[PDB]
*Asks:* 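Supplied in structure tokens, the structure appears directly below.
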Amino acid sequence: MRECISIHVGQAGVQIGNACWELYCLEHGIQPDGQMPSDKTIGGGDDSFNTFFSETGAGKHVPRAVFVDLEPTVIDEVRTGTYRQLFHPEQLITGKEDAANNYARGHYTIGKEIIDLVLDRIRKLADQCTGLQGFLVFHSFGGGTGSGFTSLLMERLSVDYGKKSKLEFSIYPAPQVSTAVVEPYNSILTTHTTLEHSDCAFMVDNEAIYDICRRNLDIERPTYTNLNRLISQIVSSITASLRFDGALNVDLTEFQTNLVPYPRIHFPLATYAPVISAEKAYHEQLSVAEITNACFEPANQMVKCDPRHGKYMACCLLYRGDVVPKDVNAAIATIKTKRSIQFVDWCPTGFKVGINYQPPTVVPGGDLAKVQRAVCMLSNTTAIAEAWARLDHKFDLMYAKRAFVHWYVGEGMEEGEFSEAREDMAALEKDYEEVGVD
Amino acid sequence: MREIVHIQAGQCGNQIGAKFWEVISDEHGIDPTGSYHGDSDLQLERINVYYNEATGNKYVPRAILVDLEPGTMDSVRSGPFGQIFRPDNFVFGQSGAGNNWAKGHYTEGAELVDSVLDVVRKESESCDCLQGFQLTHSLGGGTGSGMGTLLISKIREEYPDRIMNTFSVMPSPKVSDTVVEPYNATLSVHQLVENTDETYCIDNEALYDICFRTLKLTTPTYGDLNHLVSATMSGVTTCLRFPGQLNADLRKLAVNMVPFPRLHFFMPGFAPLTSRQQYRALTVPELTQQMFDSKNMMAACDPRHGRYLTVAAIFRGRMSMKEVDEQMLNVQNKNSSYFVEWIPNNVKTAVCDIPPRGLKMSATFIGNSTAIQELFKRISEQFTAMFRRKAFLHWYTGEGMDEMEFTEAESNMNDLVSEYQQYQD
Amino acid sequence: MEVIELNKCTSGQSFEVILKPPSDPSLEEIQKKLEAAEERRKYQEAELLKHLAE
Amino acid sequence: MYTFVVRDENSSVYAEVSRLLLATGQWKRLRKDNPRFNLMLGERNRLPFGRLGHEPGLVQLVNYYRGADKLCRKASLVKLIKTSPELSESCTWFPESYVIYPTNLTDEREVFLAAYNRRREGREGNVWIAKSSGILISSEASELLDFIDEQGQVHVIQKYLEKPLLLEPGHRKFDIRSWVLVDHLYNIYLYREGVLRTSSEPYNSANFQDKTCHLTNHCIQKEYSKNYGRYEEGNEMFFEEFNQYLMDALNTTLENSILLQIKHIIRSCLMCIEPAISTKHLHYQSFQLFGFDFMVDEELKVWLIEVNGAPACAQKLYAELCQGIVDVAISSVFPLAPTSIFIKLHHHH
Ligand SMILES: Nc1nc2c(ncn2[C@@H]2O[C@H](COP(=O)(O)OP(=O)(O)OP(=O)(O)O)[C@@H](O)[C@H]2O)c(=O)[nH]1
Ligand SMILES: Nc1ncnc2c1ncn2[C@@H]1O[C@H](COP(=O)(O)OP(=O)(O)CP(=O)(O)O)[C@@H](O)[C@H]1O
Ligand SMILES: Nc1nc2c(ncn2[C@@H]2O[C@H](COP(=O)(O)OP(=O)(O)O)[C@@H](O)[C@H]2O)c(=O)[nH]1
Ligand SMILES: CC(C)C(=O)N1CCN(C(C)C)CC1
Ligand SMILES: [Ca+2]
Ligand SMILES: [Ca+2]
Ligand SMILES: [Ca+2]
Ligand SMILES: [Mg+2]
Ligand SMILES: [Mg+2]
Ligand SMILES: [Mg+2]
């Protein structure tokens, strides 16, 4: 058993982290007070769920998590919320004033004054691990803290934990639920300085989560709570292999091995199905073929793009519920004869499949309906470069006029870092085209 | 606990500041004696942004009243909510400023400024985390204009990294007290261009035309004008005074509104503006149409004469947030020629469940439009008409000022106009 | 259409299907970046205070 | 009030579509870089499909199917036909074609020579044609391959229809251009009006050196042919005249002898790539006008030559067709405040 430490940075990271650990507790039978009746080893144990929860002599199961925000109002919700008893105060770190959607303010000005404290708290969690695997870092692209302080934290993590893997869960900016105009700047600034420090990053576009909530859940105007409960379901699917007995993606290292043959191209596309409204009269349960076929529908992807016009480098099918390998292969065969699935010639045309018999857990009173089976597909498609193109375009429109640049320079950043980061994204976009296009 | 320190200077500044605290004190359930008597926790959620909490659960505004004559501040103290202000926060002289920027900035004002900064310091020293300052003043007089910008300059020196915000009433010949108002306004704009992050430009002519043409007030008074500014000030600060994510921070609002440091002069707008057919329900489409109509804007600049760099829109009341997004997306998509295309998604919408007193729902408009240059063009033309003949300059040279100082302020304001014009193309 | 590495346990099973075969900055350098930016902010504030003192 | 942008200033077609759109008073044209548009008349090369369908509140539509190049590229079409079971290598309406890369760069050289040697051995007509996206007609394989090596781009060698159908009087070749419009629902509409681009020079099977009577392109006839515009105006015969000819000469109709095969070919091609380019469940919608070029041999068999992705229209047919593009392709998604000119080729989606 090897521990994983989760780090949540900024508003988006914290609130999403809140929805994930809520879900983790319901999955592992942990109560809000931290007690776990099914855990017969009191005060310790090296079970699969122990990679995310430590244990005290009093039988409390404590998440291996750190929450960080340069402003306290969001993390104050955790301190007084339902799961206030899960975390001890050392794990919840807050400043007094935020980064104001300003990468430079979160990276340089405020980051410099709080970085050593954060590492000290992370060091405390690491000291409790007998074999730390690495970190899962939740953050947004657009926020000043999520973008600016995460990139600094990732740099230091590579210094203090050189041999440790680091995976990201990043929120790609969407104007329908965003009030910051400079998020393209922040997204590209943070991807530039983080790229070499992240081994595998799962981008979630708020635009996609938003439309899934409107289309499948019949939420006219979705909220952050609606978005985050759905995001935590996808996150749960991805991290389930680390928290349950299994043989696929059993450690963080296996994510890079199974999903990233080329280091810079480490952004797998996530696809999830089925998302059914709990307000429905009653739904006809979907089969293995129907939910699998849905994994190739753009409407169910975490990032809207067209894999038909990219090339695949890896593909994992993570099933939860009543699924036997027989029905999986039968659905894949049928999908090959009907779908456009082009792999890169230097990669095998195959699928790594994981099945967890326990069907997806749903938060009581939430929006999702209880389904007998579900799947999350992780595929490394060059088509996800469409998201980089969109983002780079908005960057170019504003930077051509130097719009808003004075805010970043005023925080001690040099203007040259803008074009330095933009040139890195141009290289990233070129790598995708070399691998996917002919 | 993100406290804002409020300052109101001069006659116009204090009379408008008074109505402002009167309007928001009502929204937050604070009576004239500072006691809370509301029925919603949303009222006190962010109450400490503008109010200090004294003994006995009393809420005292964090406001500093400044003037060079006692008259106006005597009225405030004798006014409805006069008891609500901290008595020590009344800082005033006796000489007056004679509608003379030089007197407020160099001679009379310079004698009183240190004692005002002593009150500013005492208020800041209690703030858990001071966001910044907001000043309400006019630019056409002597105290608000001259001493106001003096206080800003001295506040920048002592708090260089805090946000500086102002509500500035621009003079107009149609609603004028003295002929020297263009002189005082050009001198103030010179200061404002350099020393504020955000300035809400409020043109007394727009407020007049609105009271006469739209509100059907035969003979508008300063009180009538101030009612509009009260409603506008309450609207543009809703993001700060209640729980929200759009522009909940003064610095965050500036980051999303100010693409270039010198272009931070906004056109505020409000809807509805109904004349006494006043009970009729206003639909979200109507709220949006009016909020973007020039007739509902208070800078007296036709937006169709320029382009929006950024736009902030706050909707108040229980309404269809889905229908809000649609109508907002309808305005942009139906007039995208008036929005610069090199700032993607430059229109941000915020919603607040608590409506203003006596309104089912309303909308407040904050625009950073290049059309504001027309406001500075008017002032520049009035300025030059007198300055070419050196008319009325002796009032200023008598206080130790040189003509060179006038020439530099004028040149800077014309530069400001040229910058608005280059981004308009 | 071959299945490989079939692993089964009580809580689930995994396998692999193949349809077709194929064909950093140091601690010091970070402190310098942070302290460099902090110095540029200090210079900008000293220029402001110098301007205000004038 | 809808909005649209124009990104191909060289499109004679959509320039008229844009003209009609403005003439309705309910469409407004925006700058070519303004993202708040309902309709994009996109560029031919490197159309940024990945930026479409991400504008909140705007239903966006573009006039090109992403991936249609597979059908409209000489080398791609050959590969699509041989590799797709729906078309198969035994496809009867497409000439025997091979993809040949110049030796200075898979490649079907040896496969081509095998079929070539077979024809030369069996006394069969062994005349092939080489072309690319600069054409050579020859009966010797040595000349076709040497001509491609002198170039530096991909080429295709397909059988040359030695027995084309010749119109009389004149004894002249020709080809048929069919305009096909696929809308966002992937309905396939065949424009009722076609055009025969005829050669004004008598066909000569003993001299492929003078390519004026072998290539029926409008540019080559109006530049290197001395009988241009003799028989028909602009070497363009329309279906009405062509049908009457088929009745007087061959005692048959254009519908029975040629149109059935054409409709079958259009359907087969477009239905084949439908899974790859369909925008049914996509965040944006696509339509596209296609120009199919067919050949007709002396047995009244119809062969597919190529498919153009950005075709032009006959001068006499711009009005009707462009208006038809607005009705079924643009107004079908953005309605405004017959006797259709198209023929719907019904198919199973
Ligand atoms: N899915 C999701 N997105 C969020 C959430 N909260 C914020 N975001 C997105 O994150 C972006 C804004 O960044 P934030 O995380 O709020 O900012 P921050 O990291 O706290 O940094 P600061 O500027 O210091 O506040 C916007 O694009 C939001 O749409 C959330 O709870 N769920
Ligand atoms: N296999 C073949 N047999 C006989 N003729 C052929 C042929 N392939 C091409 N042609 C002749 O070539 C002409 C069209 O050439 P092609 O279409 O390949 O070039 P192109 O694409 O630049 C012209 P367009 O796009 O307008 O049709 C036709 O008029 C036809 O007569
Ligand atoms: N809207 C409004 N404008 C005012 C008011 N009082 C004065 N003004 C305007 O402010 C200018 C006069 O400045 P004033 O505040 O009286 O001078 P001060 O006392 O020295 O600051 C003129 O342009 C007036 O039109 C008021 O109560 N409301
Ligand atoms: C980071 C930077 C120094 C800052 O804090 N600013 C910009 C300047 N502005 C004043 C002009 C009021 C105050 C806020
Ligand atoms: Ca245990
Ligand atoms: Ca590393
Ligand atoms: Ca004195
Ligand atoms: Mg935040
Ligand atoms: Mg006065
Ligand atoms: Mg062609």
Side-chain angles (χ1 to χ4, degrees), chain A residues 1 28-30 34-57 59-62 97 99-100 102 104-105 108-110 144 406-413, chain B residues 130-135 149 152-166 191-199 249-255 258 261-262 264, chain C residues 37-38 40-49 51-52, chain D residues 44 69 71-74 76-77 131-135 156 175 177 197 215-219 290-293 305-312:
Chain A
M1 187 278 303
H28 296 289
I30 298 173
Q35 296 292 312
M36 184 179 181
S38 51
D39 180 8
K40 303 308 178 183
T41 45
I42 306 297
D46 52 2
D47 295 317
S48 281
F49 70 92
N50 285 134
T51 63
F52 278 54
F53 297 83
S54 60
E55 300 183 31
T56 70
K60 171 185 291 188
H61 298 58
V62 190
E97 61 178 355
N102 184 339
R105 190 171 173 88
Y108 298 88
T109 311
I110 301 186
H406 69 274
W407 287 112
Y408 297 71
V409 174
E411 292 292 356
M413 199 177 94
Chain B
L130 170 77
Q131 289 191 46
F133 313 85
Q134 69 179 33
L135 169 77
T149 53
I152 288 171
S153 193
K154 290 192 174 303
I155 290 174
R156 268 201 92 185
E157 193 174 10
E158 186 161 9
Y159 311 83
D161 77 338
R162 297 298 91 188
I163 296 294
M164 179 69 62
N165 186 25
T166 76
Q191 304 292 314
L192 292 182
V193 175
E194 307 296 357
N195 293 342
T196 67
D197 305 300
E198 301 164 291
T199 289
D249 179 2
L250 277 178
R251 190 181 301 273
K252 261 181 180 180
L253 166 62
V255 166
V258 186
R262 289 168 53 88
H264 57 263
Chain C
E38 178 183 47
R40 282 185 296 277
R41 288 190 311 268
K42 291 184 176 181
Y43 178 86
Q44 301 165 20
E45 173 161 309
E47 288 307 308
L48 174 55
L49 297 182
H51 175 80
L52 290 181
Chain D
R44 302 185 197 90
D69 56 307
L71 195 63
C72 311
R73 241 71 182 182
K74 307 291 207 306
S76 306
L77 178 59
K131 50 186 177 181
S132 57
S133 300
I135 292 74
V156 293
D175 68 319
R177 157 65 65 83
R197 290 170 291 182
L215 293 65
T216 63
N217 298 310
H218 185 283
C219 70
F290 294 90
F292 286 72
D293 296 353
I305 295 305
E306 70 157 9
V307 185
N308 296 90

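Just so it is clear: chains get the letters A, B, ... in the order the sequence lines come, proteins before strands, and each one is counted from 1. Whatever order the structure lists them in is the order used to number ligands and atoms, beginning at 1. Every heavy atom of this structure was used, including side-chain atoms; hydrogens, water molecules and symmetry mates were not.
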*Asks:* Taking atom CZ of C:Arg41 as the centre, report whether more than 12 heavy atoms of other residues, nucleotides or ligands fall under 6.0 Å from it.
*Replies:* yes
*Asks:* Measure the distance from atom 3 (C) of ligand 4 to every protein heavy atom, then report the residue, atom name and distance (to 0.1 Å) of the closest one.
*Replies:* B:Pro160 O, 4.4 Å
*Asks:* Within a strict 4.5 Å, meaning less than it, do heavy atoms of the B:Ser153 and C:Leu52 side chains meet?
*Replies:* yes
*Asks:* I'd like to know if the side chain of A:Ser54 reaches the main chain of A:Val62, judged simply by a donor and an acceptor atom lying under 3.5 Å from each other, with no hydrogens or angles considered.
*Replies:* yes
*Asks:* I'd like the name of whichever of A:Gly412, A:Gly410, B:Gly132 reaches closest to atom 1 (C) of ligand 4 through any heavy atom.
*Replies:* A:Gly410
*Asks:* Go through ligand 4 atom by atom and flag the ones less than 4.0 Å from a non-hydrogen atom of B:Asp161.
*Replies:* 5 (O)
*Asks:* Return the closest protein heavy atom for atom 12 (C) of ligand 4 as residue, atom name and distance.
*Replies:* B:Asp197 OD2, 3.1 Å
*Asks:* Sort by chain and number the protein N/O/S atoms that are closer than 3.0 Å to the Ca ion (ligand 5), and list them.
*Replies:* A:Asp39 OD1, A:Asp39 OD2, A:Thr41 O, A:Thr41 OG1, A:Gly44 O, A:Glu55 OE1, A:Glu55 OE2
*Asks:* Check the orientation of A:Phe49 and A:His28. Use parallel for under 30°, tilted for 30 to 60°, and perpendicular for over 60°.
*Replies:* tilted
*Asks:* Enumerate the atoms of ligand 4 whose separation from the nearest heavy atom of B:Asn195 is less than 4.0 angstrom.
*Replies:* 12 (C)
*Asks:* Please note down the angle at the Mg ion (ligand 10) between ND2 of D:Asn308 and OE2 of D:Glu306, to the nearest 10°.
*Replies:* 70°
*Asks:* Would you indicate which of B:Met164, B:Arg156, A:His406 comes nearest to atom 11 (C) of ligand 4 when only heavy atoms are counted?
*Replies:* B:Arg156
*Asks:* Would you check, one step at a time, whether the test side chain to side chain donor-acceptor pair (under 3.5 Å) holds for B:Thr199 with B:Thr166?
*Replies:* CA-CA 5 Å; B:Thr199 289; B:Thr166 76; 3.0 Å; yes
*Asks:* Between A:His61 (side chain) and A:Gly34 (backbone), is there a donor-acceptor pair under 3.5 Å?
*Replies:* yes
*Asks:* Testing the basics here: between B:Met164 and B:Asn195, what is the closest heavy-atom pair and its distance to 0.1 Å?
*Replies:* CG-O, 3.5 Å
*Asks:* I need the minimum non-hydrogen distance between A:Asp39 and A:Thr41, along with the two atoms involved.
*Replies:* OD1-OG1, 2.7 Å
*Asks:* Does ligand 4 have any atom that is closer than 4.0 Å to a heavy atom of B:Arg251?
*Replies:* yes
*Asks:* Please give me the minimum heavy-atom distance between A:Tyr108 and C:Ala37, naming the atom from each residue.
*Replies:* CD2-CB, 3.2 Å
*Asks:* Quick one: does any side-chain atom of B:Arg162 pair with a main-chain N or O of B:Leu130 as donor and acceptor, under 3.5 Å?
*Replies:* yes
*Asks:* Is it true that B:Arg162 lies under 4.0 Å from ligand 4, counting heavy atoms only?
*Replies:* yes
